[PDB]
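Data block below; observations after.
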Amino acid sequence: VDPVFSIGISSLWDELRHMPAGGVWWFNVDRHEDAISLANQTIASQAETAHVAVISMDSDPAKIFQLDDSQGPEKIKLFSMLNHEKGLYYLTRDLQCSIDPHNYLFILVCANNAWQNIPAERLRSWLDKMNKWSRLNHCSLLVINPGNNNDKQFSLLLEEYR
Amino acid sequence: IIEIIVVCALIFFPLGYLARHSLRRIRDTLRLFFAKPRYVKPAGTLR
Amino acid sequence: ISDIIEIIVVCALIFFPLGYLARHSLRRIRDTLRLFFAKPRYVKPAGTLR
């Protein structure tokens, strides 16, 4: 019943492209401009009835996130958070106070090296809470992290494959 | 007297049971109403 | 009349947390009941095949 969302990559097989509602998918990019372009393409590639929203850091999302005039949803919600760990920690409660997450998509475009100050154990706990919240609310979450030294973070993400 | 008190107790016991069963709903509604975003401030849904 | 209303309010007040704790600790109560005797039906242990 819950619709599946699509990633913004042209000529990509649906096996690596389709995303069911109620899970978490992680994306890392070499450059922040690549993150912005991917986020804009994902926004433009979603369905009209899809509920998609974007959360950014250290900027005003109203001036850096756009939609295609010919394709994409009619409207999306723009959210701004402080460049701090507490913002990421409270994200769930803030969005619950703001948006009903059922059949609704998260796109978290973080700043450059934003996930460098997060400790390993707290990151694991946060990921577990996000996954449980996604399953409970049947909501899908996408995180785009522009970073260069996330090899240890990549290994940690691999270890939490469940 | 005692009979009416027992009736009220019988009323309120499943009532509280159902209220607890909707704990998540109550919490969600209260968070919607009070609306305390401590760190994530919605800038605005853009067109 | 007034005392009747007071007593009704008192009973409601005492019995609301009664069911609140009944639902809150329901899982623990079921676990303790399972522990005591319950009814281990259907699946039955055959034996320790060493």
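Chain lettering (A, B, ...) mirrors the order of the structure tokens, residue numbering begins at 1 for each chain separately, and ligand numbering begins at 1 in order of display.
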Checklist entry - chain B residues within 12 Å of chain A, counting only C-alpha atoms: which ones, as a ChimeraX atom specification? => result /B:24-25,27-47
Checklist entry - Using only C-alpha atoms, which residues sit within 8 Å of range 13-26 of chain C once same-chain residues fewer than 2 positions away are excluded, as a PyMOL selection string? => result (chain B and resi 9+12-17+20-21) or (chain C and resi 9-11+28-30)
Next on the checklist: I need the residues in range 11-147 of chain A that are strand (DSSP E or B) according to DSSP; give them as a VMD selection string.
Outcome noted: chain A and resid 18 to 19 24 to 29 52 to 57 77 to 81 105 to 109 140 to 146
Item to check | helix (DSSP H, G or I) per DSSP on the backbone: members of chain B, as a ChimeraX atom specification | outcome: /B:2-21,23-34
File dump, residues just selected, N, CA and C atoms, as a compact mmCIF listing (two decimals), in the first residue's frame:
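Wrote out_15.txt, looks like this:
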```txt
# COMPACT_ATOMS: atom_id res chain seq x y z
N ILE B 2 -22.69 1.90 47.13
CA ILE B 2 -21.59 1.03 46.75
C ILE B 2 -21.76 0.55 45.31
N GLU B 3 -23.00 0.26 44.91
CA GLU B 3 -23.26 -0.24 43.57
C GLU B 3 -22.83 0.78 42.51
N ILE B 4 -23.17 2.06 42.73
CA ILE B 4 -22.81 3.09 41.77
C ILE B 4 -21.30 3.28 41.73
N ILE B 5 -20.63 3.16 42.88
CA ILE B 5 -19.17 3.25 42.90
C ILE B 5 -18.54 2.12 42.10
N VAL B 6 -19.06 0.90 42.26
CA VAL B 6 -18.57 -0.24 41.48
C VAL B 6 -18.81 -0.01 40.00
N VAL B 7 -19.97 0.56 39.65
CA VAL B 7 -20.27 0.85 38.25
C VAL B 7 -19.27 1.85 37.68
N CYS B 8 -18.98 2.91 38.45
CA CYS B 8 -18.02 3.91 38.00
C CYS B 8 -16.63 3.31 37.83
N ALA B 9 -16.23 2.43 38.76
CA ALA B 9 -14.95 1.74 38.64
C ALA B 9 -14.89 0.88 37.38
N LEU B 10 -15.97 0.13 37.12
CA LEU B 10 -16.05 -0.68 35.90
C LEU B 10 -15.98 0.19 34.66
N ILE B 11 -16.58 1.38 34.72
CA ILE B 11 -16.47 2.33 33.61
C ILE B 11 -15.02 2.75 33.41
N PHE B 12 -14.37 3.18 34.49
CA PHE B 12 -13.07 3.83 34.37
C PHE B 12 -11.92 2.86 34.12
N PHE B 13 -12.06 1.57 34.47
CA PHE B 13 -10.94 0.66 34.31
C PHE B 13 -10.63 0.40 32.83
N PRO B 14 -11.57 -0.11 32.01
CA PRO B 14 -11.28 -0.18 30.57
C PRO B 14 -11.05 1.18 29.94
N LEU B 15 -11.62 2.25 30.50
CA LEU B 15 -11.36 3.59 30.00
C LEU B 15 -9.87 3.93 30.11
N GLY B 16 -9.29 3.73 31.29
CA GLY B 16 -7.87 3.93 31.45
C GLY B 16 -7.04 2.96 30.65
N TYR B 17 -7.54 1.73 30.47
CA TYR B 17 -6.83 0.76 29.65
C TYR B 17 -6.73 1.24 28.20
N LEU B 18 -7.83 1.75 27.65
CA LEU B 18 -7.82 2.27 26.29
C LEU B 18 -6.99 3.55 26.20
N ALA B 19 -7.02 4.38 27.24
CA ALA B 19 -6.19 5.58 27.24
C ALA B 19 -4.71 5.23 27.20
N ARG B 20 -4.30 4.22 27.96
CA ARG B 20 -2.92 3.75 27.89
C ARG B 20 -2.62 3.12 26.53
N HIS B 21 -3.58 2.38 25.97
CA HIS B 21 -3.37 1.76 24.67
C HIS B 21 -3.11 2.79 23.58
N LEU B 23 -1.35 5.52 24.04
CA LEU B 23 -0.30 6.38 24.58
C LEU B 23 0.47 7.08 23.47
N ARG B 24 0.84 6.35 22.42
CA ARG B 24 1.58 6.96 21.32
C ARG B 24 0.75 8.03 20.63
N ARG B 25 -0.54 7.77 20.42
CA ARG B 25 -1.42 8.76 19.81
C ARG B 25 -1.50 10.02 20.67
N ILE B 26 -1.65 9.85 21.98
CA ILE B 26 -1.73 11.00 22.88
C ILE B 26 -0.44 11.80 22.84
N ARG B 27 0.70 11.11 22.89
CA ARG B 27 1.99 11.81 22.83
C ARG B 27 2.13 12.58 21.53
N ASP B 28 1.78 11.95 20.40
CA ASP B 28 1.90 12.62 19.11
C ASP B 28 1.01 13.84 19.04
N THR B 29 -0.24 13.72 19.50
CA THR B 29 -1.15 14.86 19.48
C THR B 29 -0.63 15.99 20.36
N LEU B 30 -0.12 15.65 21.55
CA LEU B 30 0.39 16.69 22.44
C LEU B 30 1.61 17.38 21.85
N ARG B 31 2.49 16.62 21.20
CA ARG B 31 3.64 17.24 20.55
C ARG B 31 3.21 18.13 19.40
N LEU B 32 2.17 17.72 18.66
CA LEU B 32 1.61 18.58 17.63
C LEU B 32 1.07 19.87 18.22
N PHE B 33 0.37 19.77 19.35
CA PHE B 33 -0.30 20.93 19.92
C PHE B 33 0.69 21.90 20.55
N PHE B 34 1.44 21.42 21.55
CA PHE B 34 2.40 22.28 22.24
C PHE B 34 3.46 22.80 21.29
```
Item to check | Point-to-point distance from CA of residue 38 in chain A to CA of residue 138 in chain A, Å rounded to tenths | outcome: 23.4 Å
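Atom pair CA of residue 4 in chain A / CA of residue 44 in chain A has a distance of 15.3 Å (rounded to one decimal).
Of the residues under consideration (A:103, A:116, A:37, A:153), A:103 shows the shortest atom-to-atom contact distance to residue 139 in chain A when counting only C-alpha atoms.
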